[PDB]
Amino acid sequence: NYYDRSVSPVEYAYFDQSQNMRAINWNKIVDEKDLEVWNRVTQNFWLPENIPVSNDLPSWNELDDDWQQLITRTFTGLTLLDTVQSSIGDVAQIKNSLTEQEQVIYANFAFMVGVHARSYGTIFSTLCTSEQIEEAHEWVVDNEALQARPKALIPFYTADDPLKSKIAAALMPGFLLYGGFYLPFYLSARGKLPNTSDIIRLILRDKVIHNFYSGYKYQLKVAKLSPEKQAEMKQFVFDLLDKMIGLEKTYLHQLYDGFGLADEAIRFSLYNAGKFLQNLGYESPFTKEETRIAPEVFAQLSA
């Protein structure tokens, strides 16, 4: 068979030039799950201009400038994480793909996380002053606790270990932004910025698939390895998550300083840390008390 004596271009480019290249074959595929995911993410295409964010203006004007600053800072910090994933993380996954279709799906992922970052800009353009926008960017650059999180993960993308890179790529949509996503759902539960929360739900519709898919592909690779190597990877995952939770807690306490929201946001974050672990095929160690989310906030998340 032609497929077994040729390589995909990305394999040729970075791994093995001993054989000729094959064009992607969408008429006979290795993994049916790839077609399912491709169809879902492409049919879920959206742009922030299609949501009428201007209808949030009345409830935005109900919020004082401390709350407006918090929202702008929170979203600019999330923009940084999506910029990391769009420009480095998801594209780094292409060359480590198990299948041809996976290579194209990660290109979609990188683009759509781009759209996610773009959508916060749309929200800022509609509601914030130029100075509020600039202040938030200054604050993100100068916040060491914020910066520590992407600084810990980027090395896995630029290093040679495809499994560690995959774990980083799952952790970003699976965990790292949820502490910030707490804020819009907290607000929309109280009738504040309902249209912004519609953008957040379109973002999460994508991110939940990104986390699932990276976790699915992770499990396929690790299942082939020796028991000793599987244990080594499990240990790496739990150790890395433990570190990322430590950094996230420190950041969220600083982000929400004066507002009281940090401890609820941390529980909201840990609920998703559990879901991250579950999507890698591991069990969550976190208790119900540690992951408790208020019904009104959970209602916004699930809608």
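Residue numbers run from 1 along the displayed sequence.
State which stretch shows the higher mean Cα B factor in the entry: 294-302 or 4-12.
-> So the stretch with the higher mean C-alpha B-factor is 294-302.
Can you let me know which of the two, 127-135 or 186-194, has the higher average C-alpha B-factor in the entry?
-> Comparing 127-135 with 186-194, the higher average CA B-factor belongs to 186-194.
Tell me, please, which of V53, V37, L70, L241 has the highest C-alpha B factor according to the deposited entry?
-> Each of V53, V37, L70, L241 was compared by C-alpha B-factor; the highest is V53.
Identity of residue with top Cα B-factor, from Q230, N108, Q147, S97 | That would be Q230, according to the entry.
Place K164 in the lowest, middle or highest third of its chain's C-alpha B-factors, as listed in the PDB entry.
-> Within its chain, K164 is a middle-third residue by C-alpha B-factor, going by the deposited values.
Of the three thirds of its chain by CA temperature factor, lowest, middle or highest, which one includes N272?
-> It belongs to the highest third of the chain when residues are ordered by C-alpha B-factor.
Comparing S226 with the other modelled residues of its chain, is its CA B-factor in the lowest, middle or highest third?
-> It falls in the top third of the chain.
Among all modelled residues of this chain, ranked by Cα B factor, put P58 in the bottom, middle or top third, i.e. lowest, middle or highest.
-> Lowest third, going by the recorded CA B-factors of the chain.
Rank-wise, by C-alpha B-factor, drop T83 into the lowest, middle or highest third of its chain.
-> CA B-factor rank for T83: lowest third.
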